[PDB]
Amino acid sequence: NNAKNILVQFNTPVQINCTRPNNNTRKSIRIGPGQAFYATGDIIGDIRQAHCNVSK
Amino acid sequence: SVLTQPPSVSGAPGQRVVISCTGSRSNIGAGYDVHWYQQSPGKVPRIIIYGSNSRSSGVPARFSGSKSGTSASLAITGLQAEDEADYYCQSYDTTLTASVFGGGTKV
Amino acid sequence: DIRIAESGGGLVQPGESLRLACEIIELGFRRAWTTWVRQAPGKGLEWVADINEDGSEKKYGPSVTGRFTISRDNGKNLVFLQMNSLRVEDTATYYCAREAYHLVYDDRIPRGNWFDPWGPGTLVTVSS
Ligand SMILES: *[C@@H]1O[C@H](CO)[C@@H](O[C@@H]2O[C@H](CO)[C@@H](O[C@@H]3O[C@H](CO[C@H]4O[C@H](CO[C@H]5O[C@H](CO)[C@@H](O)[C@H](O)[C@@H]5O)[C@@H](O)[C@H](O[C@H]5O[C@H](CO)[C@@H](O)[C@H](O)[C@@H]5O)[C@@H]4O)[C@@H](O)[C@H](O[C@H]4O[C@H](CO)[C@@H](O)[C@H](O)[C@@H]4O[C@H]4O[C@H](CO)[C@@H](O)[C@H](O)[C@@H]4O)[C@@H]3O)[C@H](O)[C@H]2NC(C)=O)[C@H](O)[C@H]1NC(C)=O
Ligand SMILES: *[C@@H]1O[C@H](CO)[C@@H](O[C@@H]2O[C@H](CO)[C@@H](O[C@@H]3O[C@H](CO[C@H]4O[C@H](CO[C@H]5O[C@H](CO)[C@@H](O)[C@H](O)[C@@H]5O)[C@@H](O)[C@H](O[C@H]5O[C@H](CO)[C@@H](O)[C@H](O)[C@@H]5O)[C@@H]4O)[C@@H](O)[C@H](O[C@H]4O[C@H](CO)[C@@H](O)[C@H](O)[C@@H]4O)[C@@H]3O)[C@H](O)[C@H]2NC(C)=O)[C@H](O)[C@H]1NC(C)=O
Ligand SMILES: *[C@@H]1O[C@H](CO)[C@@H](O[C@@H]2O[C@H](CO)[C@@H](O[C@@H]3O[C@H](CO[C@H]4O[C@H](CO)[C@@H](O)[C@H](O)[C@@H]4O)[C@@H](O)[C@H](O[C@H]4O[C@H](CO)[C@@H](O)[C@H](O)[C@@H]4O)[C@@H]3O)[C@H](O)[C@H]2NC(C)=O)[C@H](O)[C@H]1NC(C)=O
Ligand SMILES: *[C@@H]1O[C@H](CO)[C@@H](O[C@@H]2O[C@H](CO)[C@@H](O[C@@H]3O[C@H](CO)[C@@H](O)[C@H](O)[C@@H]3O)[C@H](O)[C@H]2NC(C)=O)[C@H](O)[C@H]1NC(C)=O
Ligand SMILES: *[C@@H]1O[C@H](CO)[C@@H](O[C@@H]2O[C@H](CO)[C@@H](O[C@@H]3O[C@H](CO)[C@@H](O)[C@H](O)[C@@H]3O)[C@H](O)[C@H]2NC(C)=O)[C@H](O)[C@H]1NC(C)=O
């Protein structure tokens with residue numbers, strides 16, 4: 001049947017390295033009373049693009 | 001590892017002065033920035049122009065760097081005695097050295 | 001923060017060694033590469049030797065190529081420029097700084113580096 005899914009299960013853990021290389025800042029905004037919201041204050045560091053490496 | 005820093009920049013007080021701190025394929029042709037350093041007579045130098053074109057605090061817009069291909073030059077307008085001071089550039093070498101320096105320059 | 005402490009010079013005779021130490025306190029000691037730059041007394045900028053925050057990597061300038069061994073105490077958080085074979089040829093004063101385009105690095109390759117912090121420097125006169 002073409003309407004199911006094929007579940008493959010490996011022998012070898014093929015690595016993958018994922019990263020988000022930003023130093024991001026947490027800016028707290030008080031939606032008072034007492035409730036506080038964490039926004040993206042800013043981004044510092046090597047502004048690469050978030051990604052993942054895999055041994056071809 | 002020397003930048004073509006003019007041994008003397010000149011300008012009457014208030015006049016605009018320009019200094020062409022240029023290098024080679026290796027330093028400004030290399031792709032880095034001309035991190036100039038302003039020095040006072042008798043005092044330690046400091047950062048006046050980083051990023052080759054960017055101002056820091058306390059530096060009037062009269063003072064601004066620029067990098068054009070293999071050339072790197074600074075601009076000062078309204079030059080005055082508080083501005084009649086030393087300037088020493090420095091950047092990266094692709095050939096052999098870390099920190100290429102110009103010869104220095106004062107008014 | 002940035003509170004640097006230069007020291008370590010000596011009034012000596014040629015043919016010896018010396019220890020230099022910048023101290024910066026109340027901040028990440030192992031959180032910024034610092035470098036070394038001298039000034040012949042009446043001359044310009046002369047980078048000496050670089051270091052990692054950990055000192056894992058170090059490179060030295062041509063003038064003192066492989067003659068002054070730079071390192072640092074990490075846990076006590078001191079830097080130790082063990083200069084060796086001191087000579088009159090290097091009569092100058094010395095200064096200590098570090099580079100900080102860091103905030104946002106917009107590349108795979110850097111635009112260079114800076115020299116932001118300054119201090120008293122040190123006194124070295126190795127001669128008779
Ligand atoms: C997923 O995969 C991707 C791609 O596969 C990975 O991306 C890559 O990731 C690496 C590491 O994260 C990044 O490396 C960065 O490389 C740049 C460029 O480096 C240049 O210069 C090197 C040195 O050359 C000089 O020095 C020697 C010795 O004196 C001389 O011989 C030279 O001629 C020069 O004088 C040079 O080695 C580099 O060559 C590259 O290409 C060759 C090709 O032949 C390779 O062999 C090399 O191995 C190398 O790849 C290249 O020419 C560097 O700028 C970065 O180093 C900075 O950061 C280091 C971090 O440790 C630091 O130690 C360095 O000193 C350096 O910091 C410098 O700048 C700072 C300011 O910014 C200074 O303060 C500091 O003191 C120093 O001045 C870094 O190493 C790749 O950019 C990146 N590429 C891409 C496309 O993404 C990714 O990492 C993988 N991720 C995962 C999760 O899997
Ligand atoms: C993401 O970005 C932030 C910046 O946005 C960056 O922060 C730097 O982090 C380094 C760690 O590598 C800090 O260095 C350490 O600081 C320890 C004490 O930290 C306190 O004091 C620091 C000095 O500031 C004082 O004065 C200011 C004046 O206005 C005041 O605000 C401060 O509150 C404080 O009173 C201060 O910078 C620091 O706050 C920063 O640092 C923490 C990490 O420490 C960082 O996570 C925070 O986000 C914040 O930015 C904190 O208030 C200091 O004790 C320690 O020194 C010990 O170890 C070193 C090892 O080298 C020895 O040399 C030393 O002798 C001690 O044994 C260390 O130096 C550094 O101060 C921050 N800022 C700067 C400019 O460097 C983060 O690291 C980035 N990365 C991540 C993952 O978050
Ligand atoms: C995700 O990211 C992690 C970390 O970056 C990667 O893990 C690294 O994987 C590589 C690939 O094998 C490892 O590199 C190899 O390590 C071997 C064992 O380490 C010893 O030797 C090193 C020196 O290389 C010592 O520093 C260390 O203390 C150990 O004593 C080495 O034998 C390998 O060297 C051999 O091959 C190279 C060719 O690359 C030759 O140049 C060498 O001369 C030698 O013949 C190599 O160094 C690395 O060790 C791993 N990290 C760590 C921390 O160990 C993942 O692979 C990565 N995954 C993906 C998918 O990207
Ligand atoms: C798994 O799915 C497949 C479909 O991909 C099923 O096969 C299908 O079975 C039906 C009847 O069971 C077939 O319908 C009739 O089949 C006959 C003989 O093939 C044909 O002559 C008729 O015209 C009509 O099509 C259908 O054709 C057939 N399709 C395929 C692609 O084989 C299969 O039965 C499923 N598995 C199980 C265990 O049922
Ligand atoms: C998102 O955009 C807003 C603008 O709508 C940015 O906010 C403003 O950013 C500037 C610099 O980027 C800040 O300038 C400062 O202004 C004060 C007072 O005028 C001045 O004295 C300082 O010297 C400096 O010039 C300004 O404060 C800031 N405004 C607010 C309300 O925060 C914001 O930076 C942008 N977001 C990001 C992450 O960059």
# chains A, B, ... in the order shown; residues from 1 in each chain; ligands from 1

call {"tool": "select_by_dssp", "arguments": {"residues": "segment 16-121 of chain C", "states": "strand (DSSP E)", "output": "ChimeraX atom specification"}}
result
/C:18-20,34-39,46-50,68-73,78-83,92-98

call {"tool": "residues_around", "arguments": {"residues": "residue 50 of chain C", "least_positions_apart": "6", "cutoff": "6 Å", "atoms": "only C-alpha atoms", "output": "PyMOL selection string"}}
result
chain C and resi 35+58-59

call {"tool": "closest_atom_pairs", "arguments": {"of": "chain A", "to": "chain C", "cutoff": "10 Å", "atoms": "only C-alpha atoms", "output": "tab-separated table"}}
result
residue	atom	partner	partner_atom	distance
A:22	CA	C:104	CA	9.1
A:23	CA	C:104	CA	9.3
A:43	CA	C:104	CA	8.0
A:44	CA	C:104	CA	5.1
A:45	CA	C:104	CA	4.4
A:46	CA	C:105	CA	4.4
A:47	CA	C:106	CA	5.9
A:48	CA	C:107	CA	7.5

call {"tool": "atom_distance", "arguments": {"atom1": "atom 7 (O, counted along the ligand's line) of ligand 1", "atom2": "atom CA of residue 94 of chain B"}}
result
20.8 Å

call {"tool": "residues_near_ligand", "arguments": {"ligand": "ligand 1", "cutoff": "7 Å", "atoms": "only C-alpha atoms and all ligand atoms", "output": "PyMOL selection string"}}
result
(chain A and resi 17-19+52-53) or (chain B and resi 94-96) or (chain C and resi 33+99+101-102+105+108-110+112-113)

call {"tool": "write_last_selection", "arguments": {"atoms": "N, CA, C and O atoms", "output": "mmCIF file, in the first residue's frame"}}
result
data_model
loop_
_atom_site.group_PDB
_atom_site.id
_atom_site.type_symbol
_atom_site.label_atom_id
_atom_site.label_comp_id
_atom_site.auth_asym_id
_atom_site.auth_seq_id
_atom_site.Cartn_x
_atom_site.Cartn_y
_atom_site.Cartn_z
ATOM 1 N N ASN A 17 24.833 17.520 14.194
ATOM 2 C CA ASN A 17 25.212 18.600 15.095
ATOM 3 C C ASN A 17 24.346 19.792 14.743
ATOM 4 O O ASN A 17 24.461 20.331 13.646
ATOM 5 N N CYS A 18 23.475 20.209 15.640
ATOM 6 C CA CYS A 18 22.653 21.371 15.386
ATOM 7 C C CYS A 18 23.035 22.493 16.328
ATOM 8 O O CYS A 18 23.407 22.264 17.482
ATOM 9 N N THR A 19 22.948 23.716 15.835
ATOM 10 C CA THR A 19 23.261 24.799 16.746
ATOM 11 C C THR A 19 22.535 26.065 16.365
ATOM 12 O O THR A 19 22.165 26.278 15.212
ATOM 13 N N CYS A 52 22.386 22.637 10.899
ATOM 14 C CA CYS A 52 22.835 21.329 11.351
ATOM 15 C C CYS A 52 23.797 20.701 10.347
ATOM 16 O O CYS A 52 23.574 20.742 9.137
ATOM 17 N N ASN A 53 24.852 20.093 10.876
ATOM 18 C CA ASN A 53 25.881 19.412 10.111
ATOM 19 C C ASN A 53 25.671 17.913 10.182
ATOM 20 O O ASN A 53 25.236 17.389 11.215
ATOM 21 N N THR B 94 47.974 39.664 5.901
ATOM 22 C CA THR B 94 47.737 38.357 5.320
ATOM 23 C C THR B 94 49.035 37.632 4.987
ATOM 24 O O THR B 94 49.018 36.404 4.787
ATOM 25 N N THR B 95 50.166 38.330 4.988
ATOM 26 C CA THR B 95 51.436 37.733 4.599
ATOM 27 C C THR B 95 52.204 37.214 5.810
ATOM 28 O O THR B 95 52.295 35.991 5.996
ATOM 29 N N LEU B 96 52.690 38.087 6.673
ATOM 30 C CA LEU B 96 53.566 37.587 7.729
ATOM 31 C C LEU B 96 53.247 38.097 9.127
ATOM 32 O O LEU B 96 53.477 37.356 10.088
ATOM 33 N N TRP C 33 40.649 37.620 25.083
ATOM 34 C CA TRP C 33 42.031 37.670 24.631
ATOM 35 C C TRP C 33 42.618 39.029 24.955
ATOM 36 O O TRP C 33 41.993 40.054 24.690
ATOM 37 N N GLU C 99 41.185 43.342 22.348
ATOM 38 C CA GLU C 99 40.456 43.617 21.116
ATOM 39 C C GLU C 99 38.981 43.292 21.300
ATOM 40 O O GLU C 99 38.650 42.346 22.016
ATOM 41 N N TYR C 101 35.933 43.860 18.738
ATOM 42 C CA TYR C 101 34.826 43.999 17.791
ATOM 43 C C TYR C 101 33.717 42.985 18.020
ATOM 44 O O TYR C 101 32.708 42.976 17.309
ATOM 45 N N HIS C 102 33.899 42.144 19.027
ATOM 46 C CA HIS C 102 33.101 40.961 19.338
ATOM 47 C C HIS C 102 31.576 41.092 19.224
ATOM 48 O O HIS C 102 30.928 40.168 18.733
ATOM 49 N N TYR C 105 29.673 39.441 15.327
ATOM 50 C CA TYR C 105 30.653 39.113 14.294
ATOM 51 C C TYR C 105 29.956 38.644 13.031
ATOM 52 O O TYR C 105 29.375 37.560 12.994
ATOM 53 N N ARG C 108 32.322 34.772 8.626
ATOM 54 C CA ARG C 108 33.179 33.683 9.026
ATOM 55 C C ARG C 108 34.586 34.171 9.308
ATOM 56 O O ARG C 108 35.296 33.549 10.096
ATOM 57 N N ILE C 109 34.980 35.301 8.727
ATOM 58 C CA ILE C 109 36.321 35.842 8.922
ATOM 59 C C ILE C 109 36.243 37.237 9.533
ATOM 60 O O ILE C 109 35.374 38.032 9.160
ATOM 61 N N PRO C 110 37.128 37.580 10.462
ATOM 62 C CA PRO C 110 36.990 38.831 11.207
ATOM 63 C C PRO C 110 37.479 40.045 10.443
ATOM 64 O O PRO C 110 38.296 39.956 9.528
ATOM 65 N N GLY C 112 39.282 42.080 11.887
ATOM 66 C CA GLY C 112 40.475 42.478 12.590
ATOM 67 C C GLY C 112 40.310 42.388 14.087
ATOM 68 O O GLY C 112 39.797 41.392 14.598
ATOM 69 N N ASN C 113 40.734 43.431 14.792
ATOM 70 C CA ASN C 113 40.777 43.434 16.246
ATOM 71 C C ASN C 113 40.981 44.871 16.700
ATOM 72 O O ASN C 113 41.209 45.768 15.888
#

call {"tool": "residues_around", "arguments": {"residues": "residue 50 of chain B", "least_positions_apart": "3", "cutoff": "10 Å", "atoms": "only C-alpha atoms", "output": "PDB file with C-alpha atoms, in the first residue's frame"}}
result
ATOM      1  CA  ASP B  33      39.541  47.348   8.910  1.00  0.00           C
ATOM      2  CA  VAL B  34      41.899  50.255   9.582  1.00  0.00           C
ATOM      3  CA  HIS B  35      41.570  50.553  13.336  1.00  0.00           C
ATOM      4  CA  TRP B  36      43.015  54.025  13.722  1.00  0.00           C
ATOM      5  CA  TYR B  37      44.301  55.190  17.107  1.00  0.00           C
ATOM      6  CA  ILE B  47      40.517  54.216  19.613  1.00  0.00           C
ATOM      7  CA  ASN B  53      34.562  54.063   9.292  1.00  0.00           C
ATOM      8  CA  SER B  54      32.726  54.069  12.630  1.00  0.00           C
ATOM      9  CA  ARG B  55      32.765  56.631  15.418  1.00  0.00           C
ATOM     10  CA  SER B  56      32.973  55.800  19.072  1.00  0.00           C
ATOM     11  CA  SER B  64      35.533  59.642  10.433  1.00  0.00           C
ATOM     12  CA  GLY B  65      37.440  56.777   8.859  1.00  0.00           C
ATOM     13  CA  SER B  66      36.853  55.088   5.542  1.00  0.00           C
TER      14      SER B  66
ATOM     15  CA  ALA C 100      36.675  43.952  21.094  1.00  0.00           C
ATOM     16  CA  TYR C 101      34.826  43.999  17.791  1.00  0.00           C
ATOM     17  CA  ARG C 111      37.454  42.467  10.321  1.00  0.00           C
ATOM     18  CA  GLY C 112      40.475  42.478  12.590  1.00  0.00           C
ATOM     19  CA  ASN C 113      40.777  43.434  16.246  1.00  0.00           C
ATOM     20  CA  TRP C 114      41.049  46.407  18.592  1.00  0.00           C
ATOM     21  CA  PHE C 115      43.151  47.699  21.479  1.00  0.00           C
TER      22      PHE C 115
END

call {"tool": "decode", "arguments": {"residues": "segment 59-86 of chain B", "atoms": "N, CA, C and O atoms", "output": "short mmCIF file (atom, residue, chain, number, x, y, z; two decimals), in the first residue's frame"}}
result
data_model
loop_
_atom_site.label_atom_id
_atom_site.label_comp_id
_atom_site.auth_asym_id
_atom_site.auth_seq_id
_atom_site.Cartn_x
_atom_site.Cartn_y
_atom_site.Cartn_z
N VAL B 59 34.06 61.22 19.99
CA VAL B 59 34.72 61.58 18.74
C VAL B 59 33.73 62.36 17.90
O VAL B 59 32.71 61.79 17.47
N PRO B 60 33.94 63.65 17.67
CA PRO B 60 33.07 64.40 16.77
C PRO B 60 33.01 63.77 15.39
O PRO B 60 33.95 63.13 14.91
N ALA B 61 31.86 63.97 14.74
CA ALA B 61 31.67 63.49 13.38
C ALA B 61 32.66 64.13 12.42
O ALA B 61 32.86 63.60 11.32
N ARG B 62 33.29 65.24 12.82
CA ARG B 62 34.41 65.77 12.06
C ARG B 62 35.43 64.69 11.79
O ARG B 62 36.15 64.74 10.80
N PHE B 63 35.47 63.69 12.66
CA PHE B 63 36.45 62.62 12.58
C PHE B 63 35.74 61.36 12.12
O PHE B 63 34.79 60.90 12.77
N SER B 64 36.17 60.83 10.98
CA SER B 64 35.53 59.64 10.43
C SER B 64 36.52 58.91 9.54
O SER B 64 37.18 59.53 8.71
N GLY B 65 36.61 57.59 9.71
CA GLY B 65 37.44 56.78 8.86
C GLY B 65 36.70 56.33 7.61
O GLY B 65 35.49 56.52 7.46
N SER B 66 37.45 55.72 6.70
CA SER B 66 36.85 55.09 5.54
C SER B 66 37.87 54.14 4.94
O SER B 66 39.08 54.36 5.01
N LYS B 67 37.35 53.07 4.34
CA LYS B 67 38.16 52.04 3.70
C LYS B 67 37.62 51.83 2.29
O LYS B 67 36.44 51.52 2.12
N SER B 68 38.47 52.03 1.29
CA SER B 68 38.09 51.92 -0.11
C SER B 68 39.08 50.98 -0.80
O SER B 68 40.16 51.41 -1.23
N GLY B 69 38.71 49.71 -0.91
CA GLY B 69 39.54 48.71 -1.54
C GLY B 69 40.85 48.47 -0.81
O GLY B 69 40.86 47.90 0.28
N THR B 70 41.96 48.89 -1.41
CA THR B 70 43.26 48.76 -0.78
C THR B 70 43.68 50.04 -0.09
O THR B 70 44.71 50.07 0.59
N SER B 71 42.87 51.10 -0.18
CA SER B 71 43.19 52.33 0.51
C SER B 71 42.36 52.43 1.78
O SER B 71 41.26 51.87 1.86
N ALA B 72 42.91 53.11 2.77
CA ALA B 72 42.19 53.38 4.01
C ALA B 72 42.60 54.76 4.48
O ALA B 72 43.79 55.02 4.68
N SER B 73 41.65 55.66 4.61
CA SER B 73 41.99 57.04 4.91
C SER B 73 41.01 57.61 5.92
O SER B 73 39.84 57.22 5.98
N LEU B 74 41.50 58.55 6.69
CA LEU B 74 40.71 59.22 7.71
C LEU B 74 40.35 60.62 7.25
O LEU B 74 41.02 61.20 6.39
N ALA B 75 39.29 61.17 7.83
CA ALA B 75 38.84 62.51 7.54
C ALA B 75 38.65 63.27 8.84
O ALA B 75 38.00 62.76 9.77
N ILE B 76 39.21 64.47 8.92
CA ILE B 76 38.97 65.38 10.03
C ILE B 76 38.57 66.72 9.43
O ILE B 76 39.20 67.18 8.47
N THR B 77 37.52 67.32 9.95
CA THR B 77 37.17 68.67 9.57
C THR B 77 37.29 69.58 10.78
O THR B 77 37.36 69.13 11.92
N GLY B 78 37.30 70.88 10.51
CA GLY B 78 37.43 71.86 11.58
C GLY B 78 38.61 71.58 12.48
O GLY B 78 38.52 71.76 13.70
N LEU B 79 39.72 71.13 11.90
CA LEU B 79 40.89 70.77 12.67
C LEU B 79 41.29 71.91 13.59
O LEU B 79 41.41 73.06 13.16
N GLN B 80 41.50 71.60 14.87
CA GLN B 80 41.90 72.60 15.84
C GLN B 80 42.94 71.99 16.77
O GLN B 80 43.36 70.85 16.60
N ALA B 81 43.36 72.78 17.76
CA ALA B 81 44.46 72.35 18.63
C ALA B 81 44.07 71.12 19.43
O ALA B 81 44.90 70.22 19.63
N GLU B 82 42.83 71.06 19.91
CA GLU B 82 42.34 69.84 20.53
C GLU B 82 42.32 68.69 19.53
O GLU B 82 42.24 67.53 19.94
N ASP B 83 42.37 69.01 18.24
CA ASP B 83 42.43 68.01 17.19
C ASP B 83 43.83 67.87 16.63
O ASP B 83 44.14 66.84 16.02
N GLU B 84 44.69 68.87 16.82
CA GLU B 84 46.07 68.77 16.37
C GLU B 84 46.79 67.77 17.26
O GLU B 84 47.35 68.14 18.29
N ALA B 85 46.78 66.50 16.86
CA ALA B 85 47.28 65.43 17.71
C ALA B 85 47.81 64.31 16.83
O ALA B 85 47.91 64.44 15.61
N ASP B 86 48.19 63.20 17.45
CA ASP B 86 48.81 62.07 16.78
C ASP B 86 47.77 61.07 16.30
O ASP B 86 46.69 60.94 16.87
#
